[PDB]
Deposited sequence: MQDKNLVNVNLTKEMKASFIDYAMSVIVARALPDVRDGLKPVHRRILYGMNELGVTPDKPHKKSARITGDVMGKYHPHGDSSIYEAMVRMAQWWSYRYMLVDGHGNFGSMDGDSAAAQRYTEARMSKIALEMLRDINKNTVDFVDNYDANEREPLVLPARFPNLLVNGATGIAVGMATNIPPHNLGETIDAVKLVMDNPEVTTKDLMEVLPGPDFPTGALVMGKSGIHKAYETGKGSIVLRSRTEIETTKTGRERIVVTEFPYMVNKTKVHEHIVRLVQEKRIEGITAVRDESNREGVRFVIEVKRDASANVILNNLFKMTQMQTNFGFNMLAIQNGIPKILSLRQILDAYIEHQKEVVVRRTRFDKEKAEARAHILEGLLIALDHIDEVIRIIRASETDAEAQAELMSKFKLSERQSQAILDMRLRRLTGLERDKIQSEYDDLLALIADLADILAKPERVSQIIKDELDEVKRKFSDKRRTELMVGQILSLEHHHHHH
């Protein structure tokens, strides 16, 4: 029996609890941000790896270290989830452009899982550094962590369009998302094209961005679905395997598949094909031996009586999949089914904000340093009088005040003058300070000019994007057909 009891309507608590869980799953778990293309766990892993000092230059750190730090500081969930995410960010068949570089067993294409965290080490990929470019230059807003004793980025600078490039997935509450991966160079071309001519259409965009570029490669049948997709945010495209029918030394046929579709297991396909083989559906096949090495990829042999028919069957039975575009992403807090143009515009604007913020940071730093340097230059110009003032002083306070009164200095300048090492009172030191000061002046001029002109910012974005394209982009893996 209770002393203090209250009544609770069923529908009320149901509604409140459900809205809570749903909203929290949508805007903080299952869906990515339109700007950096990341969902909370991934962003927290990248930032966690950043602070951990596992940049591509530095050596790897064990997975348990990273998982531990990430959970303890940012991601208030289980080990298995974080580690699973990290593993997925280090597999060539999962991420078109991998964000994690790992050593040891990280699973195979054939469904095999990664090794334990106590056996695998990992660091950031070279391209993930672009996701983290100038994060330390106030390019991104921060927030207190769950424990409210650390801070984490709300978003990442993301100097390459990670959303379209790496795709997204998937299931949430009341909604789900599905975006395919794209070739880096083409996505960059699309961004630059949107920046150049704002009056562009979908077809024009498709000229430089033909369609999806899957990490597994393979083929895509049709283009109408792709157009409907990029235009409306939702669509449907068919995917097929890349194959070839060779000739044996016995003088027969040999249907060999070299590229399986996206998110497709060769082993599972093998099992299902055998299951369908012992059911009199697919006749003619003599033996189905998976002959994939660590150098590449699955041989299916047939008998006299018909290879084309048998392969057509093997495609019409399972080898052939349906990609359903449902490009849904979080934008300004609320989730939305976005077109290609909307994603592109969002990423562009985000890039403008990042570049501008960075330029402002650099500006402020440069100006402060210049101020202090003016102070120091004055000090070296009046060294004897300065040291006279300092010696005459009893406490550093009256020294500071006296310097500020005599040489017309600020608190910062006088502080810097007081915190001067004796070894910088030499002859050649003054000139070096002068040079640094002049260079600083030029720099500040340039940055102010950048902040006064949007066109320059846009150009900076285009240039740096082009440099990413040059440094990282791959040749197209997926061949499009009709």
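- Unmodelled segments of the deposited chain, in sequence order: 1, 299, 308, 322, 487 to 499.
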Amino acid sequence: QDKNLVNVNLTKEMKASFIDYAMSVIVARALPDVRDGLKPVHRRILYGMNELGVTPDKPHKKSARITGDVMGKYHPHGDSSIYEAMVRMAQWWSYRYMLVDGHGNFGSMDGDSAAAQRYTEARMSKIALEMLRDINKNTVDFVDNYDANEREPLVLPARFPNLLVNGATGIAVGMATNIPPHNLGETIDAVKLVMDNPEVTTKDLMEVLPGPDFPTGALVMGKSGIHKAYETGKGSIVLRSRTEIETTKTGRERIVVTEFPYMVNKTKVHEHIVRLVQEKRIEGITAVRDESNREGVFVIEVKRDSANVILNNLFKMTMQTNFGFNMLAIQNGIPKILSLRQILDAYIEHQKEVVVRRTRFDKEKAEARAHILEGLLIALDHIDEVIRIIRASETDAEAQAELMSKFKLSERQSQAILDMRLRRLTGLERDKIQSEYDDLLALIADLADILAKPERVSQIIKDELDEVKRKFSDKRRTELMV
From here on, numbers count along this sequence of modelled residues.
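- On average the C-alpha atoms of 255 to 263 have higher B-factors than those of the other stretch, with 255 to 263 and 98 to 106 being the two compared.
- Between 220 to 228 and 163 to 171, it is 220 to 228 that carries the larger average Cα temperature factor according to the deposited entry.
- In the deposited coordinates, the residue among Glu353, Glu244, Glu150, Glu364 with the greatest CA B-factor is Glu244.
- The maximum CA B-factor among the listed residues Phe142, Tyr347, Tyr146, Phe298, taken from the PDB record, is found at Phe298.
- In this PDB entry, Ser17 carries a Cα temperature factor that places it within the middle third of its chain's modelled residues.
- Ranked against the other modelled residues of its chain, the C-alpha B-factor of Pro76 as given in the entry falls in the lowest third.
- The deposited CA B-factor of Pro56 belongs to the middle third of values across its chain.
- The deposited CA B-factor of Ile179 belongs to the lowest third of values across its chain.
- Annotation for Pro212: C-alpha temperature factor in the middle third relative to the rest of the modelled chain, per the entry.
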